[PDB]
Every structure is written in C-alpha cells, then in structure tokens.
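File shown: model30.cif. Contents: mmCIF, N, CA and C atoms.
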data_run
#
loop_
_atom_site.label_atom_id
_atom_site.label_comp_id
_atom_site.auth_asym_id
_atom_site.auth_seq_id
_atom_site.Cartn_x
_atom_site.Cartn_y
_atom_site.Cartn_z
N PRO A 13 1.74 1.68 -40.66
CA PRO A 13 1.28 1.96 -39.30
C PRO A 13 -0.24 2.16 -39.22
N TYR A 14 -1.01 1.12 -38.89
CA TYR A 14 -2.48 1.21 -38.68
C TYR A 14 -2.87 0.48 -37.37
N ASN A 15 -1.90 0.15 -36.48
CA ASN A 15 -2.17 -0.61 -35.26
C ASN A 15 -1.58 0.01 -33.98
N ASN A 16 -1.25 1.30 -33.99
CA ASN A 16 -0.62 1.99 -32.86
C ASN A 16 -1.62 2.39 -31.77
N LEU A 17 -2.36 1.42 -31.24
CA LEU A 17 -3.37 1.63 -30.20
C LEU A 17 -2.71 2.01 -28.86
N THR A 18 -2.97 3.21 -28.33
CA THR A 18 -2.42 3.62 -27.02
C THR A 18 -3.06 2.81 -25.91
N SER A 19 -2.27 2.08 -25.12
CA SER A 19 -2.77 1.21 -24.06
C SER A 19 -3.09 1.97 -22.78
N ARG A 20 -3.60 1.28 -21.76
CA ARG A 20 -3.69 1.85 -20.42
C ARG A 20 -2.31 2.11 -19.82
N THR A 21 -1.40 1.15 -19.88
CA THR A 21 -0.05 1.31 -19.30
C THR A 21 0.74 2.43 -19.95
N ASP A 22 0.55 2.70 -21.24
CA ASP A 22 1.13 3.85 -21.91
C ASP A 22 0.75 5.20 -21.28
N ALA A 23 -0.46 5.31 -20.74
CA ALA A 23 -0.97 6.52 -20.12
C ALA A 23 -0.97 6.47 -18.58
N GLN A 24 -0.71 5.31 -17.98
CA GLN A 24 -0.95 5.06 -16.55
C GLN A 24 -0.30 6.10 -15.64
N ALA A 25 0.90 6.55 -15.96
CA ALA A 25 1.64 7.53 -15.17
C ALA A 25 0.87 8.84 -14.95
N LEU A 26 -0.03 9.20 -15.86
CA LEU A 26 -0.80 10.43 -15.78
C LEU A 26 -1.98 10.33 -14.80
N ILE A 27 -2.40 9.13 -14.42
CA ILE A 27 -3.58 8.91 -13.58
C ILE A 27 -3.23 9.08 -12.09
N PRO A 28 -3.82 10.03 -11.35
CA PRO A 28 -3.59 10.17 -9.92
C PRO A 28 -4.25 9.05 -9.13
N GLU A 29 -3.74 8.73 -7.94
CA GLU A 29 -4.49 7.90 -6.97
C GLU A 29 -5.69 8.66 -6.39
N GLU A 30 -6.57 7.95 -5.69
CA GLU A 30 -7.44 8.58 -4.69
C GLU A 30 -7.65 7.66 -3.48
N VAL A 31 -7.85 8.28 -2.33
CA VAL A 31 -7.92 7.63 -1.03
C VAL A 31 -9.11 8.18 -0.26
N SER A 32 -9.82 7.34 0.46
CA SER A 32 -10.93 7.77 1.31
C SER A 32 -11.00 6.91 2.57
N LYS A 33 -11.59 7.47 3.62
CA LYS A 33 -11.35 7.03 5.00
C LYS A 33 -12.62 6.87 5.83
N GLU A 34 -13.78 6.81 5.19
CA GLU A 34 -15.05 6.71 5.90
C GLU A 34 -15.16 5.45 6.79
N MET A 35 -14.43 4.38 6.47
CA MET A 35 -14.35 3.15 7.25
C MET A 35 -13.21 3.13 8.28
N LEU A 36 -12.34 4.15 8.31
CA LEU A 36 -11.30 4.29 9.33
C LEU A 36 -11.93 4.53 10.71
N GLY A 37 -11.28 4.06 11.76
CA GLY A 37 -11.75 4.25 13.14
C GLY A 37 -12.66 3.15 13.66
N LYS A 38 -12.93 3.18 14.96
CA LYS A 38 -13.53 2.07 15.73
C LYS A 38 -14.28 2.59 16.96
N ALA A 39 -15.26 1.84 17.44
CA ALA A 39 -15.96 2.12 18.70
C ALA A 39 -15.11 1.80 19.95
N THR A 40 -15.53 2.30 21.12
CA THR A 40 -14.87 2.08 22.42
C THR A 40 -15.88 1.73 23.51
N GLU A 41 -15.63 0.67 24.28
CA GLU A 41 -16.35 0.40 25.53
C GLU A 41 -15.83 1.28 26.68
N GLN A 42 -16.72 1.88 27.46
CA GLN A 42 -16.34 2.52 28.72
C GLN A 42 -15.94 1.46 29.76
N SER A 43 -15.00 1.77 30.65
CA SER A 43 -14.49 0.81 31.63
C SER A 43 -15.58 0.29 32.56
N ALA A 44 -15.68 -1.02 32.71
CA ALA A 44 -16.73 -1.67 33.48
C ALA A 44 -16.78 -1.19 34.92
N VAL A 45 -15.63 -1.14 35.60
CA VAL A 45 -15.61 -0.83 37.03
C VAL A 45 -16.13 0.57 37.31
N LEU A 46 -15.76 1.56 36.50
CA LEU A 46 -16.28 2.92 36.67
C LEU A 46 -17.76 3.03 36.28
N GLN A 47 -18.27 2.11 35.47
CA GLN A 47 -19.69 2.05 35.17
C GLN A 47 -20.49 1.48 36.33
N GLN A 48 -19.97 0.44 36.99
CA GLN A 48 -20.70 -0.36 37.97
C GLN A 48 -20.48 0.06 39.42
N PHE A 49 -19.24 0.24 39.86
CA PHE A 49 -18.95 0.45 41.28
C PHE A 49 -19.39 1.84 41.72
N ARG A 50 -19.67 1.99 43.01
CA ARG A 50 -20.06 3.26 43.60
C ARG A 50 -18.86 4.19 43.71
N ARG A 51 -18.93 5.36 43.08
CA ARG A 51 -17.90 6.39 43.15
C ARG A 51 -17.80 6.96 44.56
N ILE A 52 -16.59 7.25 45.03
CA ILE A 52 -16.33 8.05 46.23
C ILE A 52 -15.15 9.00 45.98
N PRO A 53 -15.19 10.28 46.38
CA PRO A 53 -14.07 11.20 46.22
C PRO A 53 -12.95 10.90 47.22
N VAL A 54 -11.74 11.36 46.96
CA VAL A 54 -10.56 11.11 47.81
C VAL A 54 -9.53 12.23 47.67
N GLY A 55 -8.89 12.63 48.76
CA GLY A 55 -7.89 13.71 48.77
C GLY A 55 -6.45 13.28 49.05
N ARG B 56 5.01 16.77 1.13
CA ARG B 56 5.03 15.39 1.64
C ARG B 56 6.37 14.72 1.33
N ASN B 57 6.63 13.56 1.94
CA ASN B 57 7.96 12.95 2.03
C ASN B 57 8.65 12.62 0.69
N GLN B 58 7.89 12.38 -0.37
CA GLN B 58 8.40 12.06 -1.71
C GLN B 58 7.46 12.64 -2.76
N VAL B 59 7.97 13.02 -3.93
CA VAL B 59 7.13 13.46 -5.05
C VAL B 59 7.40 12.65 -6.30
N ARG B 60 6.34 12.44 -7.09
CA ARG B 60 6.34 11.72 -8.35
C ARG B 60 6.05 12.68 -9.49
N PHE B 61 6.90 12.70 -10.51
CA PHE B 61 6.73 13.47 -11.74
C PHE B 61 6.41 12.54 -12.91
N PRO B 62 5.36 12.81 -13.70
CA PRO B 62 5.18 12.16 -14.99
C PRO B 62 6.14 12.76 -16.02
N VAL B 63 6.53 12.01 -17.03
CA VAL B 63 7.36 12.50 -18.15
C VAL B 63 7.12 11.68 -19.42
N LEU B 64 7.35 12.26 -20.60
CA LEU B 64 7.17 11.58 -21.88
C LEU B 64 8.22 10.49 -22.14
N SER B 65 7.83 9.46 -22.89
CA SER B 65 8.71 8.34 -23.26
C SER B 65 8.58 7.88 -24.71
N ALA B 66 7.56 8.31 -25.46
CA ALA B 66 7.48 8.11 -26.90
C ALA B 66 6.70 9.25 -27.58
N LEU B 67 7.08 9.61 -28.80
CA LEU B 67 6.58 10.78 -29.51
C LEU B 67 5.71 10.38 -30.71
N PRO B 68 4.70 11.18 -31.08
CA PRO B 68 3.92 10.96 -32.28
C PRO B 68 4.71 11.30 -33.55
N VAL B 69 4.16 10.93 -34.71
CA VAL B 69 4.62 11.30 -36.06
C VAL B 69 3.42 11.46 -37.00
N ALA B 70 3.60 12.03 -38.18
CA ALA B 70 2.51 12.27 -39.14
C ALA B 70 2.92 11.99 -40.59
N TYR B 71 1.94 11.82 -41.48
CA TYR B 71 2.13 11.24 -42.81
C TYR B 71 1.33 11.97 -43.89
N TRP B 72 1.79 11.89 -45.14
CA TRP B 72 1.07 12.38 -46.31
C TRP B 72 -0.13 11.50 -46.70
N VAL B 73 -0.94 11.97 -47.65
CA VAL B 73 -2.10 11.25 -48.19
C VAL B 73 -2.05 11.26 -49.71
N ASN B 74 -2.32 10.13 -50.35
CA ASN B 74 -2.35 10.04 -51.81
C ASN B 74 -3.64 10.65 -52.38
N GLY B 75 -3.52 11.81 -53.02
CA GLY B 75 -4.66 12.49 -53.66
C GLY B 75 -5.76 12.89 -52.68
N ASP B 76 -7.00 12.94 -53.16
CA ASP B 76 -8.17 13.28 -52.34
C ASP B 76 -8.62 12.15 -51.40
N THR B 77 -8.21 10.91 -51.65
CA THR B 77 -8.66 9.73 -50.90
C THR B 77 -7.56 8.68 -50.78
N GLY B 78 -7.06 8.49 -49.57
CA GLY B 78 -6.13 7.42 -49.22
C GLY B 78 -6.15 7.16 -47.72
N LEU B 79 -5.66 6.01 -47.29
CA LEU B 79 -5.70 5.63 -45.89
C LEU B 79 -4.87 6.59 -45.04
N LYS B 80 -5.50 7.18 -44.03
CA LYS B 80 -4.81 7.92 -42.97
C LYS B 80 -4.21 6.93 -41.96
N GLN B 81 -3.12 7.29 -41.29
CA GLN B 81 -2.35 6.39 -40.41
C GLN B 81 -2.64 6.59 -38.90
N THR B 82 -1.84 6.00 -38.01
CA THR B 82 -2.04 6.02 -36.54
C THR B 82 -0.74 6.11 -35.76
N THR B 83 -0.74 6.70 -34.55
CA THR B 83 0.44 6.79 -33.67
C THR B 83 0.10 6.78 -32.17
N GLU B 84 1.01 6.27 -31.34
CA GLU B 84 0.92 6.30 -29.87
C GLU B 84 1.50 7.60 -29.29
N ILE B 85 1.18 7.90 -28.03
CA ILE B 85 2.01 8.75 -27.15
C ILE B 85 2.15 8.05 -25.80
N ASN B 86 3.36 7.93 -25.26
CA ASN B 86 3.59 7.17 -24.02
C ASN B 86 4.27 8.03 -22.95
N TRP B 87 3.99 7.72 -21.68
CA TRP B 87 4.54 8.39 -20.51
C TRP B 87 5.16 7.40 -19.51
N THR B 88 5.97 7.92 -18.59
CA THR B 88 6.60 7.20 -17.49
C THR B 88 6.79 8.11 -16.27
N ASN B 89 7.44 7.64 -15.20
CA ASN B 89 7.59 8.33 -13.92
C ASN B 89 9.04 8.61 -13.53
N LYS B 90 9.27 9.71 -12.81
CA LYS B 90 10.49 10.00 -12.04
C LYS B 90 10.11 10.37 -10.61
N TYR B 91 11.00 10.13 -9.65
CA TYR B 91 10.78 10.45 -8.24
C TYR B 91 11.84 11.39 -7.69
N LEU B 92 11.48 12.19 -6.69
CA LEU B 92 12.42 12.94 -5.87
C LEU B 92 12.16 12.63 -4.39
N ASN B 93 13.22 12.25 -3.67
CA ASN B 93 13.20 11.94 -2.24
C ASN B 93 13.72 13.11 -1.41
N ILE B 94 13.42 13.15 -0.12
CA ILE B 94 13.80 14.25 0.78
C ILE B 94 14.65 13.74 1.95
N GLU B 95 15.62 14.53 2.40
CA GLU B 95 16.57 14.17 3.46
C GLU B 95 16.90 15.32 4.42
N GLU B 96 17.42 14.98 5.60
CA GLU B 96 17.87 15.93 6.63
C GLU B 96 19.16 16.67 6.27
N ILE B 97 19.28 17.93 6.71
CA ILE B 97 20.56 18.58 7.02
C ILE B 97 20.34 19.33 8.33
N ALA B 98 21.22 19.18 9.31
CA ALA B 98 21.02 19.76 10.63
C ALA B 98 22.32 19.98 11.40
N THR B 99 22.30 20.93 12.34
CA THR B 99 23.44 21.32 13.18
C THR B 99 22.96 21.80 14.54
N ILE B 100 23.79 21.64 15.57
CA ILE B 100 23.51 22.01 16.96
C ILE B 100 24.66 22.87 17.51
N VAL B 101 24.36 23.93 18.27
CA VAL B 101 25.40 24.77 18.91
C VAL B 101 25.08 25.05 20.38
N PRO B 102 26.03 24.87 21.32
CA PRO B 102 25.85 25.19 22.73
C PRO B 102 26.55 26.49 23.14
N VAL B 103 26.00 27.20 24.13
CA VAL B 103 26.55 28.42 24.72
C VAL B 103 26.26 28.48 26.23
N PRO B 104 27.17 28.97 27.08
CA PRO B 104 26.87 29.17 28.49
C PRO B 104 25.83 30.26 28.69
N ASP B 105 24.86 30.05 29.58
CA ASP B 105 23.71 30.96 29.73
C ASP B 105 24.09 32.41 29.97
N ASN B 106 25.07 32.67 30.83
CA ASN B 106 25.44 34.04 31.14
C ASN B 106 26.01 34.76 29.92
N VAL B 107 26.73 34.08 29.02
CA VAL B 107 27.36 34.74 27.87
C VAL B 107 26.30 35.39 26.99
N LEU B 108 25.18 34.72 26.76
CA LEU B 108 24.08 35.27 25.98
C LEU B 108 23.45 36.51 26.61
N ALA B 109 23.61 36.72 27.92
CA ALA B 109 23.19 37.94 28.59
C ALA B 109 24.31 38.98 28.69
#
So, in terms of structure tokens, how does the structure I just supplied come out?
Amino acid sequence: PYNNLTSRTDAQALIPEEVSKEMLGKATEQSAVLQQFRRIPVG
Amino acid sequence: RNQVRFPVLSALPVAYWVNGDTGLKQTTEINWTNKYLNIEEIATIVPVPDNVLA
C-alpha cells in the first residue's frame, strides 16, 4: 500500500455549499400615465 | 429547513510496522458519504358550537 491517495470525491460530503444574492432583484419603471397626466382628486 | 443532510464514514484507515530503524512507511485513505432526513405533516381539526365554549 503506497498509492492510497484520498480524492476530492472521498471527502466531498464534508464540504458545505455557499450561496449569495447580490445579483438577485430588478429595477422598476413608474407607470407612464401617473407620471404624465394631470392629477385630479375624486370622492 | 425542509430537509437535512448528514455526513457519515464509509472507509477506515489502518497502520503498519517498520523494519528496523529504516524502512518504507505506508499510506491509507479515509472516505465519507451522505444520509438524508425528510419532514412531513401530522394534523387534526375539531369543531364546537360557539355557545358550548361559553
């Protein structure tokens, strides 16, 4: 026995994942009509 | 969270003698694998007339 090299897959189960979210989410346009048209109140 | 993963052993090391003050030392692996546990509902519902509880 002089070739018992421990591989990555032999140890793989011990390695945790990691996750990150800095690219999650998106911009929003405000509605055109409420931007442009003249507001009036109503009851 | 909804499921859990456990690591566990799957192969064991061993060890060896040496001839005198100088001889080749040997080598061994250690290996691991995974087990999972899943989660499920148990639930029950009971009705009563409102006045009875008062």
Interatomic distance, CA of residue 82 in chain B to CA of residue 15 in chain A (Å, one decimal): 6.8 Å
Under the rule that only C-alpha atoms are counted, which of B:108, B:64, B:97, B:92 is the nearest residue to chain A? B:64
Skip residue 18 in chain A itself and residues of its chain fewer than 3 positions away, then list as a list in words all residues within 12 Å of it, counting only C-alpha atoms.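 Returned residues: residues 14, 15, 21, 22, 23 and 24 of chain A; 66, 67, 68, 82, 83, 84, 85, 86 and 87 of chain B.
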May I ask for the distance between CA of residue 96 in chain B and CA of residue 59 in chain B, given in Å to one decimal place? 16.1 Å
Distance atom C of residue 79 in chain B-atom N of residue 19 in chain A, one decimal place?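 Calculated distance between atom C of residue 79 in chain B and atom N of residue 19 in chain A is 20.6 Å.
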Taking only C-alpha atoms into account, which of A:48, A:16, A:42, A:32 comes nearest chain B?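 Comparing A:48, A:16, A:42, A:32 against chain B, the winner is A:16.
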Nearest candidate to chain A (options B:57, B:74, B:81, B:65; using only C-alpha atoms):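 The answer is B:81, which sits nearest to chain A.
When only C-alpha atoms are used to compute distances to chain B, the closest of the residues A:31, A:45, A:20, A:25 turns out to be A:25.
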What are the DSSP strand (DSSP E or B) residues of chain B, as a PyMOL selection string? chain B and resi 58-66+86-93
Let me see the file: selected residues, N, CA and C atoms, as a compact mmCIF listing (two decimals), keeping the file's coordinate frame.
# COMPACT_ATOMS: atom_id res chain seq x y z
N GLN B 58 7.89 12.38 -0.37
CA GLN B 58 8.40 12.06 -1.71
C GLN B 58 7.46 12.64 -2.76
N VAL B 59 7.97 13.02 -3.93
CA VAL B 59 7.13 13.46 -5.05
C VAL B 59 7.40 12.65 -6.30
N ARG B 60 6.34 12.44 -7.09
CA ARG B 60 6.34 11.72 -8.35
C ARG B 60 6.05 12.68 -9.49
N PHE B 61 6.90 12.70 -10.51
CA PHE B 61 6.73 13.47 -11.74
C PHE B 61 6.41 12.54 -12.91
N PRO B 62 5.36 12.81 -13.70
CA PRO B 62 5.18 12.16 -14.99
C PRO B 62 6.14 12.76 -16.02
N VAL B 63 6.53 12.01 -17.03
CA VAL B 63 7.36 12.50 -18.15
C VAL B 63 7.12 11.68 -19.42
N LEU B 64 7.35 12.26 -20.60
CA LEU B 64 7.17 11.58 -21.88
C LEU B 64 8.22 10.49 -22.14
N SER B 65 7.83 9.46 -22.89
CA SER B 65 8.71 8.34 -23.26
C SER B 65 8.58 7.88 -24.71
N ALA B 66 7.56 8.31 -25.46
CA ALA B 66 7.48 8.11 -26.90
C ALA B 66 6.70 9.25 -27.58
N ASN B 86 3.36 7.93 -25.26
CA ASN B 86 3.59 7.17 -24.02
C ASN B 86 4.27 8.03 -22.95
N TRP B 87 3.99 7.72 -21.68
CA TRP B 87 4.54 8.39 -20.51
C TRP B 87 5.16 7.40 -19.51
N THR B 88 5.97 7.92 -18.59
CA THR B 88 6.60 7.20 -17.49
C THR B 88 6.79 8.11 -16.27
N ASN B 89 7.44 7.64 -15.20
CA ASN B 89 7.59 8.33 -13.92
C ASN B 89 9.04 8.61 -13.53
N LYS B 90 9.27 9.71 -12.81
CA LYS B 90 10.49 10.00 -12.04
C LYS B 90 10.11 10.37 -10.61
N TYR B 91 11.00 10.13 -9.65
CA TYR B 91 10.78 10.45 -8.24
C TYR B 91 11.84 11.39 -7.69
N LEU B 92 11.48 12.19 -6.69
CA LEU B 92 12.42 12.94 -5.87
C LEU B 92 12.16 12.63 -4.39
N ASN B 93 13.22 12.25 -3.67
CA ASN B 93 13.20 11.94 -2.24
C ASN B 93 13.72 13.11 -1.41
Can you patch up range 81-103 of chain B, filling it in to N, CA, C and O atoms, and show the result as a PDB file, in the coordinates of the input?
ATOM      1  N   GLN B  81      -3.120   7.290 -41.290  1.00  0.00           N
ATOM      2  CA  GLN B  81      -2.350   6.390 -40.410  1.00  0.00           C
ATOM      3  C   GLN B  81      -2.640   6.590 -38.900  1.00  0.00           C
ATOM      4  O   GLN B  81      -3.590   7.276 -38.534  1.00  0.00           O
ATOM      5  N   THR B  82      -1.840   6.000 -38.010  1.00  0.00           N
ATOM      6  CA  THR B  82      -2.040   6.020 -36.540  1.00  0.00           C
ATOM      7  C   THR B  82      -0.740   6.110 -35.760  1.00  0.00           C
ATOM      8  O   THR B  82       0.277   5.589 -36.206  1.00  0.00           O
ATOM      9  N   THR B  83      -0.740   6.700 -34.550  1.00  0.00           N
ATOM     10  CA  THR B  83       0.440   6.790 -33.670  1.00  0.00           C
ATOM     11  C   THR B  83       0.100   6.780 -32.170  1.00  0.00           C
ATOM     12  O   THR B  83      -0.957   7.245 -31.759  1.00  0.00           O
ATOM     13  N   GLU B  84       1.010   6.270 -31.340  1.00  0.00           N
ATOM     14  CA  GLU B  84       0.920   6.300 -29.870  1.00  0.00           C
ATOM     15  C   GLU B  84       1.500   7.600 -29.290  1.00  0.00           C
ATOM     16  O   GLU B  84       2.306   8.258 -29.932  1.00  0.00           O
ATOM     17  N   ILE B  85       1.180   7.900 -28.030  1.00  0.00           N
ATOM     18  CA  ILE B  85       2.010   8.750 -27.150  1.00  0.00           C
ATOM     19  C   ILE B  85       2.150   8.050 -25.800  1.00  0.00           C
ATOM     20  O   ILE B  85       1.132   7.650 -25.238  1.00  0.00           O
ATOM     21  N   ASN B  86       3.360   7.930 -25.260  1.00  0.00           N
ATOM     22  CA  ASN B  86       3.590   7.170 -24.020  1.00  0.00           C
ATOM     23  C   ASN B  86       4.270   8.030 -22.950  1.00  0.00           C
ATOM     24  O   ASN B  86       5.063   8.915 -23.259  1.00  0.00           O
ATOM     25  N   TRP B  87       3.990   7.720 -21.680  1.00  0.00           N
ATOM     26  CA  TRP B  87       4.540   8.390 -20.510  1.00  0.00           C
ATOM     27  C   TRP B  87       5.160   7.400 -19.510  1.00  0.00           C
ATOM     28  O   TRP B  87       4.906   6.205 -19.541  1.00  0.00           O
ATOM     29  N   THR B  88       5.970   7.920 -18.590  1.00  0.00           N
ATOM     30  CA  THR B  88       6.600   7.200 -17.490  1.00  0.00           C
ATOM     31  C   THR B  88       6.790   8.110 -16.270  1.00  0.00           C
ATOM     32  O   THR B  88       6.331   9.247 -16.277  1.00  0.00           O
ATOM     33  N   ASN B  89       7.440   7.640 -15.200  1.00  0.00           N
ATOM     34  CA  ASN B  89       7.590   8.330 -13.920  1.00  0.00           C
ATOM     35  C   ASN B  89       9.040   8.610 -13.530  1.00  0.00           C
ATOM     36  O   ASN B  89       9.929   7.788 -13.772  1.00  0.00           O
ATOM     37  N   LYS B  90       9.270   9.710 -12.810  1.00  0.00           N
ATOM     38  CA  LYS B  90      10.490  10.000 -12.040  1.00  0.00           C
ATOM     39  C   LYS B  90      10.110  10.370 -10.610  1.00  0.00           C
ATOM     40  O   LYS B  90       9.028  10.890 -10.376  1.00  0.00           O
ATOM     41  N   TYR B  91      11.000  10.130  -9.650  1.00  0.00           N
ATOM     42  CA  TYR B  91      10.780  10.450  -8.240  1.00  0.00           C
ATOM     43  C   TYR B  91      11.840  11.390  -7.690  1.00  0.00           C
ATOM     44  O   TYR B  91      12.984  11.358  -8.132  1.00  0.00           O
ATOM     45  N   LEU B  92      11.480  12.190  -6.690  1.00  0.00           N
ATOM     46  CA  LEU B  92      12.420  12.940  -5.870  1.00  0.00           C
ATOM     47  C   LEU B  92      12.160  12.630  -4.390  1.00  0.00           C
ATOM     48  O   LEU B  92      11.024  12.709  -3.929  1.00  0.00           O
ATOM     49  N   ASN B  93      13.220  12.250  -3.670  1.00  0.00           N
ATOM     50  CA  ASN B  93      13.200  11.940  -2.240  1.00  0.00           C
ATOM     51  C   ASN B  93      13.720  13.110  -1.410  1.00  0.00           C
ATOM     52  O   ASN B  93      14.445  13.952  -1.933  1.00  0.00           O
ATOM     53  N   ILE B  94      13.420  13.150  -0.120  1.00  0.00           N
ATOM     54  CA  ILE B  94      13.800  14.250   0.780  1.00  0.00           C
ATOM     55  C   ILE B  94      14.650  13.740   1.950  1.00  0.00           C
ATOM     56  O   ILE B  94      14.411  12.652   2.461  1.00  0.00           O
ATOM     57  N   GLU B  95      15.620  14.530   2.400  1.00  0.00           N
ATOM     58  CA  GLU B  95      16.570  14.170   3.460  1.00  0.00           C
ATOM     59  C   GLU B  95      16.900  15.320   4.420  1.00  0.00           C
ATOM     60  O   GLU B  95      16.674  16.491   4.112  1.00  0.00           O
ATOM     61  N   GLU B  96      17.420  14.980   5.600  1.00  0.00           N
ATOM     62  CA  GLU B  96      17.870  15.930   6.630  1.00  0.00           C
ATOM     63  C   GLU B  96      19.160  16.670   6.270  1.00  0.00           C
ATOM     64  O   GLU B  96      20.087  16.098   5.707  1.00  0.00           O
ATOM     65  N   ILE B  97      19.280  17.930   6.710  1.00  0.00           N
ATOM     66  CA  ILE B  97      20.560  18.580   7.020  1.00  0.00           C
ATOM     67  C   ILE B  97      20.340  19.330   8.330  1.00  0.00           C
ATOM     68  O   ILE B  97      19.345  20.050   8.448  1.00  0.00           O
ATOM     69  N   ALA B  98      21.220  19.180   9.310  1.00  0.00           N
ATOM     70  CA  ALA B  98      21.020  19.760  10.630  1.00  0.00           C
ATOM     71  C   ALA B  98      22.320  19.980  11.400  1.00  0.00           C
ATOM     72  O   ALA B  98      23.301  19.272  11.183  1.00  0.00           O
ATOM     73  N   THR B  99      22.300  20.930  12.340  1.00  0.00           N
ATOM     74  CA  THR B  99      23.440  21.320  13.180  1.00  0.00           C
ATOM     75  C   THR B  99      22.960  21.800  14.540  1.00  0.00           C
ATOM     76  O   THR B  99      21.860  22.336  14.673  1.00  0.00           O
ATOM     77  N   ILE B 100      23.790  21.640  15.570  1.00  0.00           N
ATOM     78  CA  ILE B 100      23.510  22.010  16.960  1.00  0.00           C
ATOM     79  C   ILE B 100      24.660  22.870  17.510  1.00  0.00           C
ATOM     80  O   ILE B 100      25.819  22.559  17.254  1.00  0.00           O
ATOM     81  N   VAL B 101      24.360  23.930  18.270  1.00  0.00           N
ATOM     82  CA  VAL B 101      25.400  24.770  18.910  1.00  0.00           C
ATOM     83  C   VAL B 101      25.080  25.050  20.380  1.00  0.00           C
ATOM     84  O   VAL B 101      23.960  25.454  20.673  1.00  0.00           O
ATOM     85  N   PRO B 102      26.030  24.870  21.320  1.00  0.00           N
ATOM     86  CA  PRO B 102      25.850  25.190  22.730  1.00  0.00           C
ATOM     87  C   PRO B 102      26.550  26.490  23.140  1.00  0.00           C
ATOM     88  O   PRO B 102      27.604  26.834  22.620  1.00  0.00           O
ATOM     89  N   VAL B 103      26.000  27.200  24.130  1.00  0.00           N
ATOM     90  CA  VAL B 103      26.550  28.420  24.720  1.00  0.00           C
ATOM     91  C   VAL B 103      26.260  28.480  26.230  1.00  0.00           C
ATOM     92  O   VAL B 103      25.160  28.117  26.639  1.00  0.00           O
TER      93      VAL B 103
END
